[PDB]
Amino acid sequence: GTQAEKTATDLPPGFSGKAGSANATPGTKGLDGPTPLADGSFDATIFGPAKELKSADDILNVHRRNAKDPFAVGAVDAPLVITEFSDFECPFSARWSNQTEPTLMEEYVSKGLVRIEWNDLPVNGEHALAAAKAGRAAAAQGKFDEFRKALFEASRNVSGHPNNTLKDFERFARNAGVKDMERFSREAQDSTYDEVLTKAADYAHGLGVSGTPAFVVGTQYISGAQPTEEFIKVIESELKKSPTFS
C-alpha cells in the first residue's frame, strides 16, 4: 500500500494557510459597487448598524449589508463583513488603508469572501470632521473608495496628522474622479452632512468605540492597525466559524 497517494492531511491552523477561505461560500451579489438612487447619485447619509445592538449577542448587527451603501466594497452576500471605524487624520487609520486593505482586497474582497464597510469615527477634531464631511461628499457621487485612497496615500509618510483642509480635499476629489466639483465643494463645507456625522459619532460611542481604527471582523473586535497577518488569521478563523451567508 506504499505505492499510493492520499489527500493532504489536515494540519493545525498555524500550518494550514487558507482553510477558512477554502471551505467558505463566496457571495455573488453587489460585487459591482453600490446601488445608486433614482438620479444616479448615492445615499451618502448611510451610517449605523443593520439593527439596534442590545447585548454582545447582537454583534453581527454592526454589519449593514445595505446594497445602497456607498461606504462599502465587496459582495452584499459575502460570508464575512469587516466593519471599520476610522478617522481621516489618524496615521493608524492611514496605515491600515495603505498597507493592509490592499492585501484584503486582493485575497478576499475581489473573491466575494469579504465585504468592508466604513464607519466615521472622527476623534482628531476639526480637520477629521471636515475630512469626514468631504468623504461623504465624495460618496454622494460614487467615489468614496477612490477619495479614501487618494487622501490616505497622501498621508503615507506622515507620522502624525496631515492637517488637511478644503483645498486638499478638493485635490483628492479631483484625483478620485468626482465629476461634479461644484456639488463636492459645496457639500464638503455646508451643513449637508453635519447631522449624520453627529449620529455616526454617537452610534460609535454607544458601542464604546473610542479609538481609531477599530474593527468588527465577523464576530471579533480588533482595536488598532494590527499587523496584516493578524487580520488574515482572524478572517480565516471567522470564515471557519461561519462559512456561508444566507
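Note that residue numbering begins at 1 and tracks the sequence as displayed.
Higher average CA B factor: 103-111, of the stretches 75-83 and 103-111.
Higher average CA B factor: 22-30, of the stretches 22-30 and 45-53. For the set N61, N66, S185, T198, the PDB entry puts the maximum C-alpha B factor at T198. Placement of the Cα temperature factor of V178 within the chain: middle third of the modelled residues, per the deposited record.
In the deposited entry, the Cα temperature factor of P122 sits in the middle third of values across the chain's modelled residues. Per-chain ranking of the deposited C-alpha B factor places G142 in the middle third.
When the modelled residues of the chain are ordered by their C-alpha B factor, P36 lands in the middle third. The PDB entry assigns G211 a C-alpha temperature factor belonging to the highest third of its chain's modelled residues.
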